[PDB]
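Structure record follows, encoded as structure tokens.
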Amino acid sequence: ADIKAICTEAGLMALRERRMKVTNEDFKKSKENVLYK
Amino acid sequence: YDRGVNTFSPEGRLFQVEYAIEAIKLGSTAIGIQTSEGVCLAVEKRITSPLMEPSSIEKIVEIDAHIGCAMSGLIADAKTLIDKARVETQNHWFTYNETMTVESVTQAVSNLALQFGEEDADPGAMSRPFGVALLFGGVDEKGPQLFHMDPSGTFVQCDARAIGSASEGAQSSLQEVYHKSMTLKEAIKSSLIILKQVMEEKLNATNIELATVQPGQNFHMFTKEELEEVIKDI
Amino acid sequence: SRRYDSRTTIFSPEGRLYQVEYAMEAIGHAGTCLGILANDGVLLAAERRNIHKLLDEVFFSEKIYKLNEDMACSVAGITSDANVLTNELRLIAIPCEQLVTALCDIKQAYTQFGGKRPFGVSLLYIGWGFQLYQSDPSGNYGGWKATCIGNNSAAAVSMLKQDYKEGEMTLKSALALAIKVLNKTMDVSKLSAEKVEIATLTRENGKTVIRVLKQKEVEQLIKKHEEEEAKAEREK
Amino acid sequence: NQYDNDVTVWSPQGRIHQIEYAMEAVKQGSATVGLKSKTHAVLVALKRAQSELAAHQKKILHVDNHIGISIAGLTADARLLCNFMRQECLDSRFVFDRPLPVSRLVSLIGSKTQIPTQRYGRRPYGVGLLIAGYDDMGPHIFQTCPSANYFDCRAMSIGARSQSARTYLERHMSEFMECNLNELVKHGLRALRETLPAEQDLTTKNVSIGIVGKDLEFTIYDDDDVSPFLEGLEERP
Amino acid sequence: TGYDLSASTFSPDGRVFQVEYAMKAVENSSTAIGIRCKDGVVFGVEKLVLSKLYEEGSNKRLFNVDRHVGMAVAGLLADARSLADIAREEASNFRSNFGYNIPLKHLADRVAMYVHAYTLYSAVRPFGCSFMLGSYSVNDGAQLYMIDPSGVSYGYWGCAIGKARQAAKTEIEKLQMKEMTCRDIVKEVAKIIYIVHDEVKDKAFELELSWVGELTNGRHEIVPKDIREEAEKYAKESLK
Amino acid sequence: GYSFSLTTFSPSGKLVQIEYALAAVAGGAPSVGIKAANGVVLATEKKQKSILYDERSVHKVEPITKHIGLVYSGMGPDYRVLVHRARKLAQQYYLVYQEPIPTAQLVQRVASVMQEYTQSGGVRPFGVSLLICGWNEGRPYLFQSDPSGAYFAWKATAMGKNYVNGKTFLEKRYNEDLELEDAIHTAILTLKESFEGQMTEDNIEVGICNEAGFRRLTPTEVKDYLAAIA
Amino acid sequence: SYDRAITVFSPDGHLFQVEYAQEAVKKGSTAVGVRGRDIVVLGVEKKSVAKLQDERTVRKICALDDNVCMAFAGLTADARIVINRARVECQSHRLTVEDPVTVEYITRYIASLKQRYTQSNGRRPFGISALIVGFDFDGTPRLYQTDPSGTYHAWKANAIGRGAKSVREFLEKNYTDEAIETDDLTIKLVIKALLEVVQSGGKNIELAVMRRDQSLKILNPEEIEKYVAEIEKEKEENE
Amino acid sequence: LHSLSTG
Amino acid sequence: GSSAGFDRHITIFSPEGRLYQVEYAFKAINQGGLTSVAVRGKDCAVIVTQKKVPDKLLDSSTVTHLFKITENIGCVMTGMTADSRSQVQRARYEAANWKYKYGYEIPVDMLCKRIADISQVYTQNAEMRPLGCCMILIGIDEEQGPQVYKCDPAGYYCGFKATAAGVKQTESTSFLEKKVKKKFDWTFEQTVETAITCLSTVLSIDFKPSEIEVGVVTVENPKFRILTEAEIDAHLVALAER
């Protein structure tokens, strides 16, 4: 579930920047989003 | 839980004592036979892996030069009883210059059982009964003698007693094959036969322990060659 | 008696010690505490939760205590249990690992027998070479280069894992890292000096110096960090 | 089921259920009968064997030169009580150079067995005793209960199916005083027979007889020595 | 409900239910009465025989806690004997320390406090016996106190403890105890014990009689067998 | 006595019994401690439910040494026990060092005792919060020790019933330049805000610590300070 | 003093606290011990290796004496107490008998202490299982395993922890006289058994050996990497 | 101490 | 009235911060069914309590809730009789220990301070229950004069101009508050009559000189004495004639 949430949130960050290619920065923000806070 | 260790059931049973008695049925099968030629103790090692060294599975213990013990159930619990037997013995020798009676050793070990409690107890007092059953076998003024002890502290002399997981079937076979006037070799062979038909594994000179206490001679643990000599028949 | 006994020092059916886990949960709600090791010193940066405007400032430090002439410690969890553990730490005190081992032996003994609740306190030890240690209520301790306990400890540990260049740090770089991590862990977007507590242990003239940074120095560190972050923003 | 888990919990009916549960342990034990005459006090115990390849559990224990007991219930608790009573009898000899009176010994054991019945975490002694002794007051038969309450009985019987023996003792209690030792032992054996099933019978293996008298030390008779007492009595109807 | 499992727990109505259950244990036993007359105190006990096998004198509910004090118990006989030994040791300590026989008021106040010590903690249970201490001396006079499982010691002229306590008290109230002597009070105690006895219910009782008064020089002794039999005959005749 | 802890960690990592002791504290009579530039003032609502109670028989503000005093909010008997403990610890410190115990040291020892009662077997935490005022090194000291055994250094604080609004009042009415008399005025105002009815010289108790030491104000001085209010 | 029977018999006849301690052991890191001809090897899976963790302090292999060392699995804090008690008794036995302790003796003391903690009032059982290797005074290598119950056994090779079952299954198949001909082959067998459970590889293996008339030697990460490279090379030629 | 308790 | 766990079975805090066991101990005071009233005057203190003798079999000389703790200090107990005797014995022991250790008679305030300190432990430790009794001590002090101190199961204690305990504690407290509001330093006879009138009016009994016990302490003779039935009858007749 954590991995799927990481992927979904990284895709959401890519969507925020109007991108179709998910970058490593998107996944980095995803980890601090779903796992923390 | 809510119940204490020293609690009586409505039927008059000490709850923890019965629960410790139920622990023996998970232990390995031991068979002791008393005959005019001596006392034969046998036990199954129940090896759980080829890597485990059989020689480290010590389930028949030299209590003294004239007394041995075979334990079944929680072997770790039996260490305290064995140590008390081996210390209580040589204390009779220290004060009276004589070896203890097998009955006296068994009684001294029995007094340890039921010496457990929660409140109003010494800091070194135990918290639960000893979940082990002991088979003392020795030679004294009364000749060879075999005594059975259970976690309730009830020790009783037995002509041929089987404890452990297969206590029921092994006891039935002992009743079928035991007669009072038989040799020690016959006793050893019969005990090995009864063990072989109740082991989960196949009987060999490595997964069983055999010991004998004969009049005149001392306590003797059977070696691999001696075990193979009697196993080669059955 | 048996009815009212909660049986703190027992095993759960899964093999866990529920009281120890609950004490760790309690520490998870405590103030954020950071420990960073460098080549010339160690530092402890604890988030100050006693930030009320009417709280008098008389103590040398709030969560950072001095155990001996060579060691300092910081606590996260129940503050009174922390006081008990620190007093026992001073009584026991010596090499850092030996002191941590003794205190952890006491903490473990509290989780094995006695029936009392465990000490719901996690400790970060800094001492002199330079070494940083972390101890849990279970009595399980471990050495670290950079570590965090308390609130948002996981995020701080991840940030250190990503940013802590092993071996190549002085005290200045370690302090900058401490401010950078504490900025993200704490919810305050500014992180004023009055809500943090930094103490550095360094070897000077063959003696151990444990000094809590003055509020002016902490403000300077925060200003430098925010200026560096603004410089990074200049790139975007 | 909330008032029975401890010995310090009074049930709303004014009863301590743990004490009654300990008392049931005596009823689980094998039957034994203790009866006295003008000059003798004898105990007849029906030993039980767990299996036919095991010896019959001893029930009669020698406590002192003039006092001997028959146990029913937990054998380890019986051994503890017997050790306590042996120590008390020995201390009486060491102090006053006189035998401990049976009435004055049963009082000590009833006071000792009462302490566990009032303290938290303790349990009553799961053993019932039939004490036969002789002193200057004559023969004595006492019955000691796990409830720490003891009775000075003309002829008592405790254990499994012991009430049939109680009925026999009540029927023939009138002739216990004037009968000699052999008739007293035969009365005890006949009372013990009532506790057996129809097909079972008194044998040397499962009968133990403890006798104390005016000029006779307390002696325990077993399989070989029980035959001079067993052969006299006739087969029951 | 859990409010009665320990003596250290108060009920929401402020009552210790363990003590009350111990009192019910006393109320389940046979009736023992005691009457303080002009020149002494007389104790009578309706000691039932549960079987014919018990000898004449077994389960003696009349104790001698001192040479001048007698104790009549009702309830758990094991707890009764424990409290009798406690009172015996209290009197022995009083004699060994102060040098004279313990006054009945002080013995009652001490044994009652020992009893009360068992009504506060969950580590022990309240005593399940209630007992009357009776004594006589030329100086203090005839005294009779009753102590219940709670530890309440009260002086009495005529008291009764057991399952027929109320009927025994009703019969006792008819007596002019403050004027008559022990030799009549024994007969009246026998009459009351026989009256309150229930033959259709638990039957075959034995009358245990004792007294302490000036006719015994302030010594508690069992009533002599001749006087006891005369009182028994009078009690049997009073029943018509 | 029981040997097992009666205070344990809840699954949410909370010492629940300590929170309940704090709830008992928050139901006690209001208490206000204000640290002025030249001293400390401890005020409390010593209001009785009837005139039959002797107001001067028992005092909520009690001295510990010649320079240290306590005022509680919570349960009276627990505060009396902690008062005896604090006095005994002060005597031990004086006997060892031949010097009156510093306020901070006494607060630390008392808080250690209160913590011991949160971990020891068969006991409940003290249901009191202690406001401790003292004078050391020519400087005033005010501390608050909660049931958990945690001590805080307060410039001005309020405990007991309506303590949150008392704290908010103290934020808007306290400055570090306050004098002792103005501190007494502010403490009396803080009590008055949470007070119901009228404050007489007998239904409140005020004590002050300065260079001269700690002393509980007599009812006449409280009467003058109260007439200053109106 | 707290006197409560923590370990009591279940109605089934089991000591449930002992079983829970064994479960806590089963939640520990995999420790593998192999008794060779002239060497005894102990390899412990390092669970997770954080780059900020001082690997010196977190060590599951500790030398009880100059000739005895053990690797545990279970609660680290309990294991520390057991190791300290064993070291103190090793020094006491050396003082008394004037001889280094045998592996049997220290194993028996550790097991007896564990059993005492499974049968004492107010004490929960130790939640650690130990693999104690060493050399006797006659040069015989010895490997022993103790469990929280207090029962110990001698093993040719054994494994404890979460991956204990699979690693023991592998060792039952690949422990042969040929596989322990040399020290290198014994260490390779240990590393293979650990690689059966360890996922990343040689990074999560802390391996320490002990040779006859020598002290415990901790293998550096480069040595373990070289051994893993050797095993990987040997894998190809067998395909 | 005594004076403090008594007053 | 929330609960969580064993907060109603042992002296531990409830969710709202209440010790229910202590409150139940307070309710235990009314189990005896007796009410005691103590009144303090200008130079005397008086304790009065109803004595109930249900049957003539009871020796009325022994039914006394008035206990002489010391020569100069008396007390009246309300609640469980056994706990009352325990508290009385403990108070006597503490008074004797104070006299031995310090050389002078124990002050009345300090006696109940020590007793309340003893009873506070019962409300903190869970292995014992609080005593279900209330002590009212009266005594003449060297300087403060008459002193009356109620002393409750919780370890609370306070001085009183006039207090009451038992079933009718609140009604008697209201009556005594109304009497005190008139602000009269009553003489000895006035204090005795006020206490007797309080008990009688609250209970509506119209006492006889066999249904109440009166114990007084006065400055002229600072000793505790229990009034005889004739002395009580004198006050009863004086009250009746007015």
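Residue numbers (the authors' numbering), protein chains in the order written: chain B, 393 to 429; chain K, 8 to 241; chain I, 2 to 94, 105 to 139, 144 to 251; chain L, 4 to 240; chain M, 5 to 244; chain H, 5 to 234; chain J, 2 to 240; chain O, 65 to 71; chain G, 4 to 245. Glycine is no exception: its CB is placed at the ideal position from the N, C-alpha and C atoms.
Chain-ordered, the chain K residues with CB closer than 8 angstroms to the CB of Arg4 (chain I) read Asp9. The segment 123-132 of chain H makes contact with the segment 7-18 of chain H, as at least three CB pairs between them are under 8 angstroms. Per DSSP, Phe173 (chain H) is not a residue of any beta strand (DSSP E); the alpha helix (DSSP H) it occupies stretches across 167-175. Chain B places no beta carbon closer than 9 angstroms to that of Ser204 (chain I), leaving this residue out of the contacts.
When C-beta distances to chain O are compared with 7 angstroms, the residues of the segment 46-77 of chain H below that value are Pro67, in chain order. If you look at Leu46 (chain L), you'll find it in the beta strand (DSSP E) that goes 43-48.
Under the 8 angstroms Cβ criterion, the segment 117-125 of chain M counts as touching the segment 74-90 of chain G, having at least three qualifying pairs.
Look at the segment 176-221 of chain J and you find these whole runs of beta strand (DSSP E), each 3 residues long or longer: 206-212.
Restricting attention to beta strand (DSSP E) runs no shorter than 3 residues, the segment 123-156 of chain G encloses them at 136-143, 149-154, ordered along the chain. Under the three-state reduction of DSSP output, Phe154 (chain K) falls in the strand class.
Fewer than three beta-carbon pairs drawn from the segment 49-58 of chain J and the segment 136-149 of chain J are found closer than 8 angstroms, and the two stretches are therefore not classed as touching. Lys39 (chain L) is bridged by DSSP to L:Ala44. Against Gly113 (chain L), the close residues of chain M are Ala82, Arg85, in the order they occur along the chain (beta-carbon pairs closer than 8 angstroms).
Look at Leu134 (chain H) here: in three-state DSSP terms it is strand. Pairwise C-beta distances place the segment 22-37 of chain I in contact with the segment 168-176 of chain I, as three or more of them are shorter than 8 angstroms. Within chain I, the residues placing a beta-carbon under 7 angstroms from that of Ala129 (chain G) are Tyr5, ordered along the chain. Per DSSP, the unbroken alpha helix (DSSP H) holding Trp100 (chain K) starts and ends at 99-103. Among the CB atoms of chain J, one or more fall inside 9 angstroms of the CB of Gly125 (chain I). With distances taken between CA atoms, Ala77 (chain I) lies nearest to I:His30 out of I:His30, I:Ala193, I:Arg128. Not a single C-beta of chain I is nearer than 9 angstroms to the C-beta of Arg88 (chain J).
For chain L, the residues of the segment 162-191 of chain K that bring a beta carbon within less than 7 angstroms of one of its beta carbons are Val163, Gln164, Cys165, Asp166, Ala167, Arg168, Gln178, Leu181, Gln182, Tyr185, in chain order. Look at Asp218 (chain L) here: in three-state DSSP terms it is coil, with no helix or strand label. For the options H:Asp82, H:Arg113, H:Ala160, H:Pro81, the alpha carbon positioned closest to that of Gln96 (chain H) is the one of H:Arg113.
Contact between the segment 98-118 of chain G and the segment 163-179 of chain M is absent: fewer than 3 CB-CB pairs across the two stretches fall below 8 angstroms.
Counting the other CB atoms within 10 Å of its CB gives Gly201 (chain H) a total below 16, which places it among the exposed residues. At least 9 angstroms separates the beta-carbon of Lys39 (chain H) from that of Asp206 (chain H). DSSP, read as helix, strand or coil, puts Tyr156 (chain I) in strand.
Residues of chain J whose Cβ lies closer than 8 angstroms to the Cβ of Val12 (chain K) are, in chain order, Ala6, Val9. Cβ neighbours of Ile7 (chain J) within its own chain (closer than 7 angstroms, five residues either side excluded): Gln18, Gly123, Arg124, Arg125. For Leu45 (chain I), the three-state secondary structure derived from DSSP is strand. Nearest to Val45 (chain M) by alpha-carbon distance, out of M:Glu241, M:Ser12, M:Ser214, is M:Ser214. Against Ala157 (chain H), the close residues of chain I are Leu56, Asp57, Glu58, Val59, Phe60, in the order they occur along the chain (beta-carbon pairs closer than 8 angstroms).
At least one CB of chain M lies nearer than 9 angstroms to the CB of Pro133 (chain G). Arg21 (chain G) is classed as buried because its beta carbon has at least 16 other beta carbons within 10 Å across all chains shown. Under the three-state reduction of DSSP, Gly80 (chain H) is assigned to helix.
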